[PDB]
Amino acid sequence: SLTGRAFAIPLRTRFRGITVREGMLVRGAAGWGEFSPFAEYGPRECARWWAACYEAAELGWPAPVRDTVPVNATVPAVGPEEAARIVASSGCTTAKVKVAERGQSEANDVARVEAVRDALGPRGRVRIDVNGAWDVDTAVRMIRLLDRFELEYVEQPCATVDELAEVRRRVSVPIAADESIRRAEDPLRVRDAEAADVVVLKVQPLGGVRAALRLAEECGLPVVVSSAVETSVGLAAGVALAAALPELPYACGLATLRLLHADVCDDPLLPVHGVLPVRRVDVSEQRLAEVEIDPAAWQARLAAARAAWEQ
């Protein structure tokens, strides 16, 4: 195109219901920004995704207070052996395991978490993400059952804040709010309803680093940063947010570049010893060209999100 270009990168394994990650990269005065909302989101919800991309490309991010950020391994809803192998090849001591994947059984989840705990040893930290797939009763039951593997916290066990609050009062395992933070009328409900012990922050859906920092301040709860499975361009913003937070009690979910078959930078944001450096990424003209698709449709989508944001 010229400045804003679309890409389509296949994932190494189905994650969040997709097998291909699409988005657009935009070059601005501050550097590169990534606009990659998942397909189903309308312009109104994409507005904030645009705001994040705009901030990254045109405004820049708040200075970091740390030069590196710790990350957790991301384990998709796969089999126990491969789940254990992702952990073994991660270099991370904390792992977040997907559970309650549509079409799978609760037995699969137990086997997966078990495999992950064994792969980490007794010292590892194990989290699970339900993406709100369980009702209150099932959540209390499963959390209790899976806690024999010692859980650090359970991310979004149920769909709504009221449900998280109920679960929180019936289990000892800490609860983290994600969807109730990034896809909710009022994110502060988590705080007021004391529905979670930890608040998850994702840069794009929250409208950028400054927006995410403000929300973290308003909630007054321990926070953790995670990605939306972006290329190194999008991940750099996530790293920027994690590096700007006053305190990072939890390893961040920014080791997701491994989930993609390729990246758009010559020096990808790949963790080393479970840690990522705080740095801007330089897009590789040649690397992008290899995964760049026709920009028309994506440019139209970006324009719609922009309008929604400005109007």
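Counting begins at 1, following the sequence as shown.
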{"item": "Between the two ranges 52-60 and 250-258, the one averaging a larger CA B factor in the entry", "value": "52-60"}
{"item": "Higher-scoring stretch by recorded Cα B factor average, 184-192 or 153-161", "value": "184-192"}
{"item": "Top Cα B factor in the deposited entry, candidates 169, 202, 98, 210", "value": "169"}
{"item": "Top Cα B factor in the deposited entry, candidates 93, 131, 231, 74", "value": "93"}
{"item": "Cα B factor band for residue 227 (lowest, middle or highest third within the chain)", "value": "lowest"}
{"item": "Residue 2 - which third its CA temperature factor falls in, relative to the rest of the chain", "value": "highest"}
{"item": "Chain-wide C-alpha B factor ranking for residue 272, given as lowest, middle or highest third", "value": "middle"}
{"item": "Lowest, middle or highest third - CA B-factor, residue 122", "value": "highest"}
{"item": "Modelled-residue ranking by C-alpha temperature factor, third containing residue 174", "value": "middle"}
